[PDB]
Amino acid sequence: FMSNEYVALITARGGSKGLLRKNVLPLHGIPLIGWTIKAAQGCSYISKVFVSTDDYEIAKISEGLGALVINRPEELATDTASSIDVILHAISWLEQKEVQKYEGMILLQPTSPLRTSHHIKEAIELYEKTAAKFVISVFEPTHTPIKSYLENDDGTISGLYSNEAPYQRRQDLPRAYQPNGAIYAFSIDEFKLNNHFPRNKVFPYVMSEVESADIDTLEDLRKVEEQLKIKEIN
């Protein structure tokens, strides 16, 4: 169908495998998660923004900004909790609590603050243009994996893709992509058919390595702060 509706889902847990409270850390005057909430809200194609959280501060920040809160069960906020299970829970919550029927879900990670409304807009346009079942934001690494080698038992090496691939121009080879975790745009119906992410009609939404920045440490956060400060003062 030509006319489709989209819902944004932001998954942010309180706990972490590190000694960092990532999702609420200040970045250029606002909590980290705020950059992703605002990117979703700023996009014309997004009807509603939902934040799935178990945390009081994340929920408070989210509601304050105008996003809707999906109260996530304890089991789904553990270090062992599966990405699929959180999505299925959010799909279930939406089907029971939200009257609007959505074709696609735009899953967005709070750890990708350089992914903007413009990136979401473009990813949804690609999703529609290609008749995709799943659009994932990716980047082309500086050292492309299509030009890599694998080690043989005798200690020699051979091209992973082909024998001539490591010596060929990157432009003359199929492109190899690395997902950056910023955007996962998928058909809600196709996700709950296999109860997992679609395996077919998967298209890449290409972003630069610079815009692919993922927050894991205070250094990652410091680097992005400087980048935003540099764009501010020029």
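From 1 onward, residues are counted along the sequence shown.
Novice: Out of 82 to 90 and 120 to 128, which one has CA B-factors that are higher on average in the deposited record?
Specialist: The entry gives the higher C-alpha B-factor average to 82 to 90.
Novice: Would you mind comparing 68 to 76 and 107 to 115 for me and telling me which has the higher average C-alpha temperature factor in the entry?
Specialist: Between 107 to 115 and 68 to 76, it is 68 to 76 that shows the higher mean C-alpha B-factor.
Novice: Have a look at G34, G42, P198, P204 and flag the one whose Cα has the highest B-factor in the entry.
Specialist: Result of the comparison over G34, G42, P198, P204: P198.
Novice: When the deposited Cα B-factors of this chain's modelled residues are ordered and cut into thirds, is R175 in the lowest, the middle or the highest one?
Specialist: It belongs to the middle third of the chain when residues are ordered by C-alpha B-factor.
Novice: Just say lowest, middle or highest third for the CA B-factor of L193 relative to the other modelled residues in its chain.
Specialist: Highest third - that is where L193 ends up once the chain's C-alpha B-factors are sorted.
Novice: Where does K147 sit by CA temperature factor within its chain: lowest, middle or highest third?
Specialist: Ranked within chain, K147 CA B lands in the lowest tercile.
Novice: Ranking every modelled residue in this chain by its Cα temperature factor as given in the entry, which third contains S158?
Specialist: According to the entry, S158 has a C-alpha B-factor in the chain's lowest third.
Novice: Could you tell me which third, lowest, middle or highest, the C-alpha B-factor of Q168 occupies within its chain?
Specialist: Its C-alpha B-factor, which the entry lists for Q168, ranks in the highest third among residues of this chain.
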